[PDB]
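A.B. asks: If it helps, the file is called target_33.tsv and holds TSV, N, CA and C atoms:
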```tsv
chain	number	residue	atom	x	y	z
A	1	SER	N	10.99	7.53	1.95
A	1	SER	CA	11.26	6.52	0.91
A	1	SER	C	9.95	5.89	0.44
A	2	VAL	N	8.87	5.97	1.25
A	2	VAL	CA	7.54	5.61	0.77
A	2	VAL	C	7.01	6.75	-0.10
A	3	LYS	N	6.48	6.44	-1.29
A	3	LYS	CA	5.94	7.45	-2.19
A	3	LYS	C	4.49	7.76	-1.79
A	4	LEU	N	4.21	9.04	-1.48
A	4	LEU	CA	2.89	9.47	-1.02
A	4	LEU	C	2.08	9.87	-2.25
A	5	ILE	N	0.96	9.19	-2.49
A	5	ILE	CA	0.17	9.36	-3.70
A	5	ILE	C	-0.94	10.37	-3.40
A	6	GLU	N	-1.09	11.37	-4.29
A	6	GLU	CA	-1.95	12.51	-3.99
A	6	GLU	C	-3.01	12.73	-5.07
A	7	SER	N	-3.06	11.83	-6.06
A	7	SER	CA	-4.12	11.87	-7.05
A	7	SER	C	-4.25	10.50	-7.72
A	8	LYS	N	-5.31	10.33	-8.50
A	8	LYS	CA	-5.54	9.11	-9.25
A	8	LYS	C	-4.48	8.97	-10.34
A	9	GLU	N	-4.23	10.07	-11.06
A	9	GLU	CA	-3.22	10.13	-12.10
A	9	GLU	C	-1.87	9.65	-11.55
A	10	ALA	N	-1.46	10.17	-10.37
A	10	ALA	CA	-0.22	9.78	-9.70
A	10	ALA	C	-0.21	8.28	-9.37
A	11	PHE	N	-1.34	7.77	-8.87
A	11	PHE	CA	-1.48	6.36	-8.58
A	11	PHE	C	-1.19	5.57	-9.85
A	12	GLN	N	-1.77	6.00	-10.98
A	12	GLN	CA	-1.64	5.23	-12.21
A	12	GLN	C	-0.22	5.31	-12.77
A	13	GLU	N	0.43	6.46	-12.66
A	13	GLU	CA	1.82	6.60	-13.09
A	13	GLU	C	2.73	5.67	-12.27
A	14	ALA	N	2.44	5.52	-10.97
A	14	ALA	CA	3.30	4.73	-10.10
A	14	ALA	C	3.19	3.27	-10.48
A	15	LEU	N	2.00	2.82	-10.87
A	15	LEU	CA	1.82	1.41	-11.19
A	15	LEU	C	2.54	1.03	-12.48
A	16	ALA	N	2.31	1.80	-13.55
A	16	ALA	CA	3.06	1.67	-14.80
A	16	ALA	C	4.57	1.66	-14.55
A	17	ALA	N	5.07	2.62	-13.78
A	17	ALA	CA	6.51	2.84	-13.67
A	17	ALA	C	7.20	1.75	-12.85
A	18	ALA	N	6.42	0.91	-12.15
A	18	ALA	CA	6.97	-0.17	-11.34
A	18	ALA	C	7.44	-1.35	-12.19
A	19	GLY	N	7.09	-1.35	-13.48
A	19	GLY	CA	7.47	-2.46	-14.34
A	19	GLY	C	6.84	-3.75	-13.84
A	20	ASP	N	7.66	-4.75	-13.51
A	20	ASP	CA	7.10	-5.96	-12.93
A	20	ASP	C	7.52	-6.14	-11.46
A	21	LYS	N	7.86	-5.06	-10.78
A	21	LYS	CA	8.10	-5.10	-9.35
A	21	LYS	C	6.78	-5.18	-8.58
A	22	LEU	N	6.77	-5.91	-7.47
A	22	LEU	CA	5.65	-5.82	-6.54
A	22	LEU	C	5.46	-4.37	-6.11
A	23	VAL	N	4.18	-3.94	-6.09
A	23	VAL	CA	3.78	-2.67	-5.51
A	23	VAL	C	2.89	-2.96	-4.31
A	24	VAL	N	3.28	-2.42	-3.14
A	24	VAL	CA	2.51	-2.49	-1.92
A	24	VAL	C	1.93	-1.11	-1.67
A	25	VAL	N	0.61	-1.06	-1.49
A	25	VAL	CA	-0.11	0.19	-1.29
A	25	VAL	C	-0.80	0.18	0.06
A	26	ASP	N	-0.44	1.15	0.91
A	26	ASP	CA	-1.07	1.36	2.22
A	26	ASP	C	-2.09	2.48	2.10
A	27	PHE	N	-3.38	2.11	2.19
A	27	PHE	CA	-4.45	3.09	2.26
A	27	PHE	C	-4.71	3.39	3.72
A	28	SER	N	-4.46	4.65	4.10
A	28	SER	CA	-4.25	5.03	5.48
A	28	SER	C	-4.94	6.36	5.77
A	29	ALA	N	-5.07	6.66	7.06
A	29	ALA	CA	-5.50	7.98	7.53
A	29	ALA	C	-4.73	8.34	8.79
A	30	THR	N	-4.42	9.64	8.95
A	30	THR	CA	-3.54	10.10	10.00
A	30	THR	C	-4.20	9.92	11.35
A	31	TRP	N	-5.53	9.99	11.40
A	31	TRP	CA	-6.28	9.95	12.65
A	31	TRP	C	-6.54	8.53	13.15
A	32	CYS	N	-6.32	7.52	12.29
A	32	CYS	CA	-6.75	6.15	12.53
A	32	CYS	C	-5.68	5.30	13.25
A	33	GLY	N	-6.03	4.76	14.42
A	33	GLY	CA	-5.07	4.19	15.35
A	33	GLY	C	-4.24	3.05	14.75
A	34	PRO	N	-4.86	1.98	14.20
A	34	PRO	CA	-4.12	0.93	13.49
A	34	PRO	C	-3.20	1.46	12.38
A	35	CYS	N	-3.52	2.63	11.81
A	35	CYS	CA	-2.66	3.24	10.82
A	35	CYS	C	-1.37	3.76	11.46
A	36	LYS	N	-1.52	4.39	12.63
A	36	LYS	CA	-0.38	4.88	13.39
A	36	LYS	C	0.51	3.72	13.83
A	37	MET	N	-0.12	2.66	14.33
A	37	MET	CA	0.55	1.44	14.76
A	37	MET	C	1.51	0.85	13.73
A	38	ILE	N	1.10	0.74	12.45
A	38	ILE	CA	1.82	-0.07	11.48
A	38	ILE	C	2.80	0.80	10.70
A	39	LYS	N	2.62	2.12	10.76
A	39	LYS	CA	3.34	3.03	9.88
A	39	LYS	C	4.86	2.90	10.04
A	40	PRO	N	5.43	2.89	11.26
A	40	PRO	CA	6.87	2.66	11.41
A	40	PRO	C	7.31	1.37	10.71
A	41	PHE	N	6.60	0.27	10.98
A	41	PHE	CA	6.89	-1.01	10.35
A	41	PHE	C	6.88	-0.89	8.82
A	42	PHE	N	5.89	-0.18	8.26
A	42	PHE	CA	5.72	-0.09	6.82
A	42	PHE	C	6.90	0.65	6.20
A	43	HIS	N	7.30	1.77	6.83
A	43	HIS	CA	8.50	2.49	6.43
A	43	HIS	C	9.72	1.58	6.49
A	44	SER	N	9.88	0.85	7.59
A	44	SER	CA	11.07	0.01	7.70
A	44	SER	C	11.09	-1.01	6.57
A	45	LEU	N	9.92	-1.57	6.15
A	45	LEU	CA	9.93	-2.55	5.06
A	45	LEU	C	10.44	-1.91	3.78
A	46	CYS	N	10.01	-0.68	3.54
A	46	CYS	CA	10.46	0.13	2.42
A	46	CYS	C	11.98	0.12	2.31
A	47	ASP	N	12.68	0.28	3.45
A	47	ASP	CA	14.12	0.16	3.47
A	47	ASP	C	14.56	-1.27	3.15
A	48	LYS	N	13.91	-2.30	3.71
A	48	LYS	CA	14.38	-3.67	3.64
A	48	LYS	C	14.36	-4.23	2.21
A	49	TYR	N	13.39	-3.80	1.39
A	49	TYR	CA	13.16	-4.39	0.08
A	49	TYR	C	13.29	-3.33	-1.01
A	50	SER	N	14.43	-3.27	-1.69
A	50	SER	CA	14.71	-2.18	-2.61
A	50	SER	C	14.14	-2.49	-3.98
A	51	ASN	N	13.80	-3.78	-4.15
A	51	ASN	CA	13.15	-4.39	-5.31
A	51	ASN	C	11.62	-4.27	-5.28
A	52	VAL	N	11.05	-3.60	-4.26
A	52	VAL	CA	9.60	-3.55	-4.06
A	52	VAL	C	9.20	-2.09	-3.90
A	53	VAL	N	8.08	-1.71	-4.52
A	53	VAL	CA	7.65	-0.32	-4.54
A	53	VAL	C	6.60	-0.12	-3.46
A	54	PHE	N	6.79	0.92	-2.64
A	54	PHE	CA	5.96	1.18	-1.48
A	54	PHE	C	5.29	2.53	-1.69
A	55	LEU	N	3.94	2.50	-1.72
A	55	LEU	CA	3.12	3.68	-1.94
A	55	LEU	C	2.20	3.84	-0.75
A	56	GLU	N	1.80	5.08	-0.49
A	56	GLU	CA	0.82	5.31	0.54
A	56	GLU	C	-0.25	6.24	-0.02
A	57	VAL	N	-1.51	5.93	0.28
A	57	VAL	CA	-2.64	6.74	-0.15
A	57	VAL	C	-3.36	7.21	1.10
A	58	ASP	N	-3.38	8.53	1.32
A	58	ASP	CA	-4.19	9.11	2.37
A	58	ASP	C	-5.63	9.22	1.88
A	59	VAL	N	-6.54	8.48	2.53
A	59	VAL	CA	-7.91	8.35	2.04
A	59	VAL	C	-8.67	9.67	2.24
A	60	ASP	N	-8.32	10.43	3.28
A	60	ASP	CA	-8.92	11.74	3.50
A	60	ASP	C	-8.53	12.69	2.36
A	61	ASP	N	-7.29	12.61	1.86
A	61	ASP	CA	-6.81	13.54	0.85
A	61	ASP	C	-7.04	12.99	-0.56
A	62	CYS	N	-7.32	11.69	-0.68
A	62	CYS	CA	-7.30	11.04	-1.96
A	62	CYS	C	-8.54	10.16	-2.10
A	63	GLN	N	-9.71	10.81	-1.96
A	63	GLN	CA	-10.98	10.12	-1.79
A	63	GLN	C	-11.37	9.37	-3.06
A	64	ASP	N	-10.98	9.89	-4.22
A	64	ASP	CA	-11.32	9.27	-5.49
A	64	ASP	C	-10.66	7.89	-5.62
A	65	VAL	N	-9.38	7.80	-5.21
A	65	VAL	CA	-8.64	6.56	-5.36
A	65	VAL	C	-9.16	5.57	-4.34
A	66	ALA	N	-9.51	6.06	-3.14
A	66	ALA	CA	-10.09	5.23	-2.09
A	66	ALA	C	-11.37	4.55	-2.58
A	67	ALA	N	-12.26	5.35	-3.19
A	67	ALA	CA	-13.47	4.84	-3.82
A	67	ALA	C	-13.13	3.83	-4.91
A	68	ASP	N	-12.25	4.19	-5.84
A	68	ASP	CA	-11.97	3.31	-6.96
A	68	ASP	C	-11.40	1.98	-6.46
A	69	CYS	N	-10.70	2.01	-5.31
A	69	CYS	CA	-10.02	0.83	-4.82
A	69	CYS	C	-10.85	0.10	-3.77
A	70	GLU	N	-12.10	0.55	-3.57
A	70	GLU	CA	-13.11	-0.12	-2.76
A	70	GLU	C	-12.66	-0.29	-1.31
A	71	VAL	N	-12.05	0.77	-0.77
A	71	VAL	CA	-11.58	0.76	0.60
A	71	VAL	C	-12.78	1.00	1.53
A	72	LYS	N	-12.83	0.24	2.62
A	72	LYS	CA	-13.82	0.50	3.66
A	72	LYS	C	-13.22	0.48	5.08
A	73	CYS	N	-12.02	-0.08	5.27
A	73	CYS	CA	-11.33	-0.11	6.55
A	73	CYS	C	-9.87	0.33	6.40
A	74	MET	N	-9.30	0.90	7.46
A	74	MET	CA	-7.91	1.31	7.39
A	74	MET	C	-7.13	0.71	8.56
A	75	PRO	N	-5.85	0.37	8.34
A	75	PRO	CA	-5.24	0.43	7.01
A	75	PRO	C	-5.73	-0.70	6.10
A	76	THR	N	-5.77	-0.43	4.79
A	76	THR	CA	-5.93	-1.48	3.82
A	76	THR	C	-4.64	-1.55	3.02
A	77	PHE	N	-4.15	-2.79	2.80
A	77	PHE	CA	-3.00	-3.02	1.96
A	77	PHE	C	-3.44	-3.73	0.68
A	78	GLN	N	-3.12	-3.15	-0.47
A	78	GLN	CA	-3.32	-3.79	-1.76
A	78	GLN	C	-1.95	-4.05	-2.38
A	79	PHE	N	-1.88	-5.14	-3.16
A	79	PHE	CA	-0.66	-5.68	-3.74
A	79	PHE	C	-0.85	-5.80	-5.25
A	80	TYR	N	0.01	-5.13	-6.02
A	80	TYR	CA	-0.09	-5.12	-7.46
A	80	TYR	C	1.21	-5.65	-8.06
A	81	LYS	N	1.05	-6.39	-9.15
A	81	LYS	CA	2.14	-6.95	-9.93
A	81	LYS	C	1.65	-6.98	-11.37
A	82	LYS	N	2.31	-6.19	-12.23
A	82	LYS	CA	1.90	-6.00	-13.62
A	82	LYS	C	0.48	-5.43	-13.68
A	83	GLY	N	0.24	-4.37	-12.91
A	83	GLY	CA	-1.05	-3.67	-12.90
A	83	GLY	C	-2.20	-4.49	-12.31
A	84	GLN	N	-1.96	-5.79	-12.03
A	84	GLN	CA	-2.96	-6.67	-11.44
A	84	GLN	C	-2.88	-6.66	-9.91
A	85	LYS	N	-4.06	-6.63	-9.29
A	85	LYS	CA	-4.20	-6.75	-7.86
A	85	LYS	C	-4.12	-8.23	-7.45
A	86	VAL	N	-2.95	-8.64	-6.96
A	86	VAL	CA	-2.66	-10.03	-6.63
A	86	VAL	C	-2.98	-10.30	-5.16
A	87	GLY	N	-3.31	-9.26	-4.40
A	87	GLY	CA	-3.60	-9.46	-2.99
A	87	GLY	C	-4.18	-8.21	-2.32
A	88	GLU	N	-4.78	-8.43	-1.15
A	88	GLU	CA	-5.41	-7.36	-0.41
A	88	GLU	C	-5.80	-7.87	0.98
A	89	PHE	N	-5.62	-7.04	2.01
A	89	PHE	CA	-6.23	-7.29	3.31
A	89	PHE	C	-6.26	-6.00	4.10
A	90	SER	N	-7.03	-5.98	5.19
A	90	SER	CA	-7.09	-4.81	6.05
A	90	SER	C	-6.71	-5.19	7.46
A	91	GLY	N	-6.31	-4.21	8.26
A	91	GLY	CA	-5.78	-4.45	9.59
A	91	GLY	C	-4.28	-4.21	9.63
A	92	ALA	N	-3.76	-3.87	10.82
A	92	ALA	CA	-2.33	-3.68	11.00
A	92	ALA	C	-1.70	-5.04	11.30
A	93	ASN	N	-1.68	-5.90	10.29
A	93	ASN	CA	-1.21	-7.25	10.43
A	93	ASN	C	0.17	-7.34	9.79
A	94	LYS	N	1.21	-7.40	10.63
A	94	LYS	CA	2.58	-7.45	10.14
A	94	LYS	C	2.89	-8.81	9.50
A	95	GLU	N	2.31	-9.89	10.01
A	95	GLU	CA	2.57	-11.23	9.47
A	95	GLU	C	2.05	-11.36	8.03
A	96	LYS	N	0.83	-10.88	7.80
A	96	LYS	CA	0.21	-10.95	6.49
A	96	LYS	C	0.95	-10.05	5.48
A	97	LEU	N	1.40	-8.88	5.94
A	97	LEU	CA	2.07	-7.92	5.08
A	97	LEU	C	3.34	-8.57	4.54
A	98	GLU	N	4.12	-9.10	5.47
A	98	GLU	CA	5.39	-9.74	5.15
A	98	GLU	C	5.15	-11.08	4.43
A	99	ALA	N	4.07	-11.81	4.75
A	99	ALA	CA	3.75	-13.02	4.02
A	99	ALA	C	3.49	-12.71	2.54
A	100	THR	N	2.79	-11.61	2.26
A	100	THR	CA	2.40	-11.32	0.89
A	100	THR	C	3.60	-10.83	0.10
A	101	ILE	N	4.48	-10.03	0.73
A	101	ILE	CA	5.71	-9.58	0.09
A	101	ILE	C	6.58	-10.80	-0.23
A	102	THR	N	6.71	-11.70	0.73
A	102	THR	CA	7.44	-12.94	0.53
A	102	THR	C	6.90	-13.70	-0.69
A	103	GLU	N	5.59	-13.69	-0.89
A	103	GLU	CA	4.98	-14.46	-1.95
A	103	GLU	C	5.32	-13.83	-3.30
A	104	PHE	N	5.35	-12.50	-3.43
A	104	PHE	CA	5.40	-11.89	-4.76
A	104	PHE	C	6.59	-10.96	-4.99
A	105	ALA	N	7.51	-10.81	-4.04
A	105	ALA	CA	8.62	-9.90	-4.28
A	105	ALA	C	9.50	-10.50	-5.37
```
For the file at hand, write its structure as structure tokens.
C.D. replies:
Amino acid sequence: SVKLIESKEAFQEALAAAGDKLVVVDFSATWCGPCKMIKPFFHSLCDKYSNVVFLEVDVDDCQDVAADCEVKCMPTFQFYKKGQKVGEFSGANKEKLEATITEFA
């Protein structure tokens, strides 16, 4: 139910198509421990909020988008609403993730 983004073009189509729904983006890597830690939680949120769009960007596979989005630590979560980045943080922080969704869902 999380949409896996595999190019820049795909990233941009997903943002447009969200309308004015919150978009939560997990910039992740399969090898990275905090990424493994939070992934079940992130999927479960996807189920909990049907009004919110959940995307995942594999930084190893999607290096261009990682660069464009100024990622340096994983996981990084970015939050978009009307194409605008309304929030961002890094770390497997469940409180912050849910705090930010609460703020803009």
A.B. asks: List as an MDAnalysis selection string the protein and nucleic acid residues near residue 55 (chain A), meaning an atom at most 7 Å away when all atoms listed in the file are counted, but skip any in the same chain fewer than 4 places from it.
C.D. replies: chainID A and resid 2:5 23:27
A.B. asks: List the spatial neighbours of region 38-44 of chain A as a PyMOL selection string - criterion: any atom at most 7 Å away, only C-alpha atoms, same-chain residues fewer than 4 positions off excluded.
C.D. replies: chain A and resi 2+34+48+92
A.B. asks: Could you check which of A:20, A:75, A:65, A:93 is closest to residue 36 (chain A), using only N, CA and C atoms?
C.D. replies: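 So, comparing all the options, the nearest one is A:75.
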A.B. asks: What is the CA of residue 8 (chain A)-CA of residue 94 (chain A) distance in Å, reported with one decimal?
C.D. replies: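 Taking CA of residue 8 (chain A) and CA of residue 94 (chain A), their separation equals 26.8 Å.
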A.B. asks: Could you check how far CA of residue 30 (chain A) sits from CA of residue 66 (chain A), in Å to one decimal?
C.D. replies: 14.6 Å
A.B. asks: What parts of region 56-91 of chain A does DSSP call helix (DSSP H, G or I)? I'd like the answer as a list in words.
C.D. replies: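 Output for region 56-91 of chain A, helix (DSSP H, G or I) only: residues 63, 64, 65, 66, 67 and 68 of chain A.
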A.B. asks: Just the number, please: distance in Å from atom C of residue 45 (chain A) to atom N of residue 57 (chain A), one decimal.
C.D. replies: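 Computed distance, atom C of residue 45 (chain A) to atom N of residue 57 (chain A), equals 14.7 Å.
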A.B. asks: Put a box with edges along x, y and z around all the listed atoms of region 25-36 of chain A, pad it by 5 Å on each side, then give me its centre and sizes in Å, one decimal, as lines of an AutoDock Vina configuration file.
C.D. replies:
```
center_x = -3.1
center_y = 4.5
center_z = 6.9
size_x = 17.4
size_y = 21.2
size_z = 26.8
```
A.B. asks: Going by DSSP on the backbone, which residues of chain A come out as strand (DSSP E)? List them as a list in words.
C.D. replies: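 Of chain A, the ones in strand (DSSP E) are residues 3, 4, 5, 23, 24, 25, 26, 27, 28, 53, 54, 55, 56, 57, 58, 76, 77, 78, 79, 80, 81, 84, 85, 86, 87, 88, 89 and 90 of chain A.
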A.B. asks: Considering all atoms listed in the file, can you say which of A:101, A:16, A:29, A:10 comes closest to residue 83 (chain A)?
C.D. replies: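 Selected residue with least distance to residue 83 (chain A): A:16.
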A.B. asks: Is it possible to produce a file of region 33-53 of chain A from this structure, with N, CA and C atoms, as an mmCIF file, in the first residue's frame?
C.D. replies:
```cif
data_model
loop_
_atom_site.group_PDB
_atom_site.id
_atom_site.type_symbol
_atom_site.label_atom_id
_atom_site.label_comp_id
_atom_site.auth_asym_id
_atom_site.auth_seq_id
_atom_site.Cartn_x
_atom_site.Cartn_y
_atom_site.Cartn_z
ATOM 1 N N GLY A 33 19.963 0.035 9.285
ATOM 2 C CA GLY A 33 19.282 -0.554 10.425
ATOM 3 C C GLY A 33 18.045 0.232 10.878
ATOM 4 N N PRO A 34 18.163 1.547 11.182
ATOM 5 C CA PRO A 34 16.989 2.379 11.482
ATOM 6 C C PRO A 34 15.894 2.331 10.409
ATOM 7 N N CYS A 35 16.267 2.025 9.156
ATOM 8 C CA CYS A 35 15.284 1.873 8.103
ATOM 9 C C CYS A 35 14.473 0.594 8.301
ATOM 10 N N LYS A 36 15.164 -0.491 8.671
ATOM 11 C CA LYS A 36 14.511 -1.758 8.955
ATOM 12 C C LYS A 36 13.584 -1.621 10.161
ATOM 13 N N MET A 37 14.076 -0.964 11.205
ATOM 14 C CA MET A 37 13.329 -0.688 12.424
ATOM 15 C C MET A 37 11.954 -0.051 12.196
ATOM 16 N N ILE A 38 11.854 0.973 11.333
ATOM 17 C CA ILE A 38 10.670 1.817 11.284
ATOM 18 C C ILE A 38 9.714 1.308 10.208
ATOM 19 N N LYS A 39 10.212 0.462 9.301
ATOM 20 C CA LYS A 39 9.474 0.091 8.101
ATOM 21 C C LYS A 39 8.119 -0.542 8.440
ATOM 22 N N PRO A 40 8.029 -1.527 9.360
ATOM 23 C CA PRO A 40 6.724 -2.061 9.748
ATOM 24 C C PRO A 40 5.776 -0.955 10.198
ATOM 25 N N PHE A 41 6.250 -0.089 11.101
ATOM 26 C CA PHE A 41 5.455 1.039 11.577
ATOM 27 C C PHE A 41 4.955 1.905 10.410
ATOM 28 N N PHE A 42 5.825 2.182 9.432
ATOM 29 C CA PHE A 42 5.496 3.084 8.338
ATOM 30 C C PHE A 42 4.390 2.473 7.485
ATOM 31 N N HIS A 43 4.521 1.175 7.176
ATOM 32 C CA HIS A 43 3.468 0.441 6.484
ATOM 33 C C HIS A 43 2.165 0.509 7.278
ATOM 34 N N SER A 44 2.224 0.256 8.582
ATOM 35 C CA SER A 44 0.992 0.250 9.354
ATOM 36 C C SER A 44 0.333 1.623 9.269
ATOM 37 N N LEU A 45 1.103 2.739 9.265
ATOM 38 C CA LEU A 45 0.485 4.066 9.190
ATOM 39 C C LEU A 45 -0.277 4.216 7.878
ATOM 40 N N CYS A 46 0.327 3.713 6.810
ATOM 41 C CA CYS A 46 -0.277 3.675 5.493
ATOM 42 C C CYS A 46 -1.694 3.115 5.551
ATOM 43 N N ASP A 47 -1.888 2.022 6.297
ATOM 44 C CA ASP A 47 -3.220 1.487 6.526
ATOM 45 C C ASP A 47 -4.077 2.462 7.341
ATOM 46 N N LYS A 48 -3.531 3.073 8.401
ATOM 47 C CA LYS A 48 -4.316 3.845 9.359
ATOM 48 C C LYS A 48 -4.926 5.103 8.735
ATOM 49 N N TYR A 49 -4.237 5.728 7.773
ATOM 50 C CA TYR A 49 -4.624 7.025 7.248
ATOM 51 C C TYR A 49 -4.867 6.927 5.740
ATOM 52 N N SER A 50 -6.130 6.836 5.320
ATOM 53 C CA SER A 50 -6.437 6.551 3.924
ATOM 54 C C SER A 50 -6.479 7.847 3.127
ATOM 55 N N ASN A 51 -6.536 8.955 3.881
ATOM 56 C CA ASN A 51 -6.505 10.347 3.442
ATOM 57 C C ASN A 51 -5.076 10.876 3.246
ATOM 58 N N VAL A 52 -4.042 10.039 3.446
ATOM 59 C CA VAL A 52 -2.652 10.491 3.424
ATOM 60 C C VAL A 52 -1.877 9.578 2.480
ATOM 61 N N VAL A 53 -0.992 10.165 1.678
ATOM 62 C CA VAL A 53 -0.275 9.432 0.645
ATOM 63 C C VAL A 53 1.107 9.066 1.182
#
```
